[PDB]
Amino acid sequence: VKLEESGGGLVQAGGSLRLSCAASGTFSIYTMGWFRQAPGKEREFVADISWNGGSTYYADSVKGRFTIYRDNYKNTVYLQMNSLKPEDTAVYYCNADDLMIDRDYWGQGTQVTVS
């Protein structure tokens, strides 16, 4: 299992960005999620989505501005970010928690910088 993140980069405050996390490489199923990491700080939960898409959870800092969703055809989970703020600047990581074997997997991380 490999997770490849795409999107990100430099964005003006008030803008929007969509991050993607494409899974590749069997077939268990997964809780997929997004975390972010500011320099010198704890890893911060952002959002996650259940294996069948029926339940989503968001950190209070992003509720009402961010949306997590899954496109099964592309085997990709997405993070739509609106009204971006300097406080959102971080490396964003997607995670996949294998519910059959209790092992999780991580993307390489993608920088989002809000100017």
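Residue positions are given as counts along the sequence shown, with the first one as 1.
Unmodelled residues of the deposited sequence between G25 and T26: 1 to 3. Checked against the record, the higher mean CA B factor of 35-43 and 49-57 lies with 35-43. With 59-67 and 78-86 compared on mean CA B-factor from the PDB entry, the stretch scoring higher is 59-67. When the CA B factors of the chain's modelled residues are split into thirds, the value for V1 lands in the highest one.
Sort the modelled residues of the chain by CA B factor and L99 lands in the highest third.
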